[PDB]
Amino acid sequence: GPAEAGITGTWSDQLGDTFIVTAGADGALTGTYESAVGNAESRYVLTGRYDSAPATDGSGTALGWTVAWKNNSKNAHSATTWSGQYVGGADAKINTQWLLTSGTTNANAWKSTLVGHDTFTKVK
Amino acid sequence: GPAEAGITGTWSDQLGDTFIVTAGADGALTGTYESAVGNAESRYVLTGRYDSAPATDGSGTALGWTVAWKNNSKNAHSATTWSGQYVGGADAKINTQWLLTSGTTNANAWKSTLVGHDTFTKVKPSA
Amino acid sequence: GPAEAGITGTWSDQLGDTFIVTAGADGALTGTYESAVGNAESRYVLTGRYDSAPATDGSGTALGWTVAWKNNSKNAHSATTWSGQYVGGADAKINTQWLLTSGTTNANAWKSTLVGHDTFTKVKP
Amino acid sequence: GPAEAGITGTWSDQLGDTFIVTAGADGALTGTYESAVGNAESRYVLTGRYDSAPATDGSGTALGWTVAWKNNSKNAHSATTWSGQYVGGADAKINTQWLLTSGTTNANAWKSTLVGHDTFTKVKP
Ligand SMILES: O=C(O)CCCCCNC(=O)CCCC[C@H]1[C@H]2NC(=O)N[C@H]2C[S@@]1=O
Ligand SMILES: O=C(O)CCCCCNC(=O)CCCC[C@H]1[C@H]2NC(=O)N[C@H]2C[S@@]1=O
Ligand SMILES: O=C(O)CCCCCNC(=O)CCCC[C@H]1[C@H]2NC(=O)N[C@H]2C[S@@]1=O
Ligand SMILES: O=C(O)CCCCCNC(=O)CCCC[C@H]1[C@H]2NC(=O)N[C@H]2C[S@@]1=O
C-alpha cells in the first residue's frame, strides 16, 4: 500500500544523516542508519514499526525506530529512538523527534538523555 | 552475557503497563507490550535494540524500543518509542523517556507528539 | 552587551508565531507571545531567563521562557516552556525545543505533555 | 485562591533539588532554585507562569518555569525550563518534564539539549 511504498527507500537529513529502510509485513521497519555526527561511523542496524493502515484522509503515517550505536567498528554505549510521521508528495518527508540515551552511572543518570528533532527527505 | 540475561523477562511500571522481551542476537529486542492506558487493548508487537557489550564498570545498558499501536483488533494511528537504560540487581529497572506521535494533518503536526517518563521494574522469580 | 542587544526585539517562526522580548537586568526576559495555532487568541505574558555572560568561543547564548495560556481573552489551562539558544549575525536565530503541559485529571496525566521544536528569526521592526 | 496558596512554598525532589516560589499576581511564579546535581552552586533565579484560574473538575494546574544557570557563584552557560502541573491535596505534588539547553557551537548544536522528569513534594508552606 501507500505507507509501504512511501516509507520504503533511502532518506537523508540536512546534515547528511542517512538511512535505508524497508517498510512491510503489516508494520515492520528494518534497515540501516548512518549518522554524519557524533560518536558513530558507518552503518548501524535499525528496527522499528509503522502504522500499516493509516488514516488516508490527509493525515501522516505514524512510525518510529531504534538504533543501538554499536556496530562492527564502534560502540558508543547509547541508543536513539525516533518518533514521527511519514508525509507523502513530491518532497516526501519523515518528520521526527528523537531521544538519545547513554548508559550511565546512577549519579549521571539525570543527564543521560538528549532530545532533538530530525526531518528527512526521500532520496531514492 | 549480563545484558541479555538482565533485560530478558517481564517488566511492569506503576500503572500496570507491562512488557515481555527477549534480548539476544548481539543487540536485538523482540517482544510484546500491553498498555494499561490510552487507546490500546491487549498486546502489541515491540521491536528494539540494546547495547550488547555495555560499559564494564557500573554504568547502565542503553536500549530503546518502538510500538506501533495497531494489533489484530485495534488501530490508534500512532507509535511510541522508549529510550532508556537497563540496570540490574534484585530491583532491576528500565528507566525511560518516551515519545508518542500520532498521524496528523500538516496543520496539526505541531501537536502530534506526546512525551513522558516510564520506569519499569522486572518481575522477580520470587513473584 | 551583545546578548542583551541581540535577544531584544521581535521574533517570528515559520508559522507566524511571534514574540516581542526585552533582555536585561543580568538575565531577565520579559515580553509577550502570540500563537498562530492552537487554543490561543491575542498576546500572552512571557517571562524567562538568559545567560547574561555567555561563552565567547563561538557558542550560542542559552535561554528559556514560559507562557501560561491565560489572558483576558482565553484560558487554555495550559502552559508552554521553550528551552534553546540565541545565535547572532545577519541570520540571527533562536533555536528551541518546547514542552506544553495541560491541566489534567490524574487519569489523563500520562498524556498531559506535548513536545516540539521552534526556530525563530528576528523581525524588523 | 487554592492555586496560589497551593503552589507558594518550598518544594523538593528525591535528589534534594529544591525551589522556593511565590505564586500570585494572576499568574506569576518568582523565587529561587537550587540544584543538588550538575554544574551548579547555591541559589539561582526562577521565573515562570501558572494558570491562575484552573479547571475545577479535578484537573491539575498547568505551570512552567525557567532557570538560567548563572548566579554570583557560577556560570554553566545553560538554561533549564520545567513544564508541568500542580496537584493539590495532602500529597501535593508538582509533576514536570524539563529541557536543559547549553550554549554550543553550531557543530555541537545537535547535542545541546537534555531532557528529563522531576516530581517535587511540598516541604514547607
Ligand atoms: O557524542 C558524544 O561524543 C557525547 C554525547 C553522547 C552521545 C553518544 N552517542 C553518539 O554520539 C552516537 C551517535 C548519535 C547521533 C545522533 C544524531 N545523528 C542523527 O542522524 N540524528 C541525531 C540523533 S542521534 O542520536
Ligand atoms: O487518549 C487519546 O485517545 C488521545 C491521545 C492520542 C494517542 C493515541 N495512542 C494511544 O492512546 C495508544 C496508547 C499509548 C499508551 C502510552 C502509555 N502507556 C504506556 O505503557 N506508556 C505510556 C506511553 S505509550 O505511548
Ligand atoms: O490535543 C488536543 O486536542 C489538546 C491540545 C492541548 C493544548 C492546549 N493549549 C493550547 O492550545 C495553547 C496554545 C499552544 C500553542 C503551541 C504552539 N504555538 C507556538 O507558537 N509554538 C507551539 C508551542 S505552543 O505550546
Ligand atoms: O556533561 C555535563 O556535565 C552536563 C551537560 C551540561 C549541563 C550544564 N548545566 C548544569 O549542569 C546546570 C545544572 C543542571 C541541573 C539539572 C538537574 N537538577 C535539577 O534540579 N533538575 C535537573 C534538571 S536541571 O537542568
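For ligands, and for the atoms within them, numbers begin at 1 and follow the listed sequence. The figures here come from the full heavy-atom set of this structure, side chains too, leaving out hydrogens, waters and symmetry mates. Chain A is the first sequence line, chain B the second, and so forth, proteins listed ahead of strands; every chain is numbered from 1.
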(message) Under a 4.0 Å threshold between the charged nitrogen and the carboxylate oxygen, would B:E34 count as salt-bridged to B:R43?
(response)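 Answer for the salt bridge query: yes.
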(request) State whether B:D91 and B:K122 are salt-bridged, where the test is any N-O pair (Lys NZ or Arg NE/NH1/NH2 against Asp/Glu carboxylate O) under 4.0 Å. (result)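 Here B:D91 does not pair with B:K122 in a salt bridge, since their nearest N and O are not under 4.0 Å apart.
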Which residue holds the protein heavy atom closest to [atom], what is that atom called, and what is the gap in Å?
atom: atom 18 (N) of ligand 4; result: D:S35 OG, 3.0 Å
atom: atom 9 (N) of ligand 4; result: D:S78 OG, 3.1 Å
atom: atom 7 (C) of ligand 3; result: C:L100 CD2, 3.8 Å
atom: atom 16 (C) of ligand 2; result: C:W110 CZ3, 3.7 Å
atom: atom 5 (C) of ligand 4; result: D:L114 CD1, 3.9 Å

I'd like to check whether [X] has a polar contact with ligand 2, where a contact means an N/O of the residue lying under 3.5 Å from an N/O of the ligand.
X: B:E34; answer: no
X: C:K111; answer: yes
X: B:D17; answer: yes
X: B:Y33; answer: yes

(message) Under 4.0 Å from atom 13 (C) of ligand 3, is there at least one protein heavy atom?
(response)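 It does: a protein heavy atom is found less than 4.0 Å away from atom 13 (C) of ligand 3.
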Mind checking whether [X] contacts ligand 4 via backbone (N, CA, C, O), side chain (CB onward), both or neither, at a 4.0 Å heavy-atom cut-off?
X: D:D118; value: side chain
X: D:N39; value: both
X: D:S102; value: side chain

(request) May I ask you to decide if the ring planes of C:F19 and C:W11 are parallel, tilted or perpendicular, using 30° and 60° as cut-offs? (result)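 Ring orientation, 0 to 90° scale: parallel.
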(message) Parallel, tilted or perpendicular: which one describes the rings of D:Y44 and D:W69, with boundaries at 30° and 60°?
(response)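 D:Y44 and D:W69: perpendicular rings.
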(message) Is there a side-chain contact between B:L63 and B:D51 in this structure, where contact means two heavy atoms from C-beta onward sitting under 4.5 Å apart?
(response)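 No, side chains not in contact.
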(message) Could you tell me if the side chain of A:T47 sits less than 4.5 Å from the side chain of B:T47, heavy atoms only?
(response)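 The answer is yes; the side chains approach within 4.5 Å.
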(request) Using distance alone, with no hydrogens and no angle criterion, decide if D:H77 and D:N39 have a side-chain donor and acceptor under 3.5 Å apart. (result)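 No, because no side-chain N or O of D:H77 sits under 3.5 Å from a partner of the opposite role on D:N39.
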(message) If we count only N and O atoms by modelled type, under 3.5 Å, do the side chains of D:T101 and D:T113 hold a donor and an acceptor together?
(response)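 Result is yes, a qualifying pair exists.
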(request) Check each heavy atom of C:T80 against ligand 3 and say whether those closer than 4.0 Å belong to the side chain, the backbone, both or neither. (result)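 For C:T80, the contact with ligand 3 is made by the side chain alone.
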(request) Compare D:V37, D:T104, D:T18 and give the one whose heavy atom is closest to atom 17 (C) of ligand 4. (result)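 The option holding the nearest heavy atom is D:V37.
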(message) Apply side chain to side chain donor-acceptor pair (under 3.5 Å) to residues D:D26 and D:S52 and explain how you reach the verdict.
(response) CA-CA 5 Å; D:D26 213 16; D:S52 54; 2.6 Å; yes
(request) Walk me through it: do D:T18 and D:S12 pass the test side chain to side chain donor-acceptor pair (under 3.5 Å)? (result) CA-CA 4 Å; D:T18 304; D:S12 302; 3.0 Å; yes
(request) Can you sort out which atoms of ligand 3 are near C:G38, meaning under 4.0 Å from one of its heavy atoms? (result)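 It comes down to these atoms of ligand 3: 11 (O).
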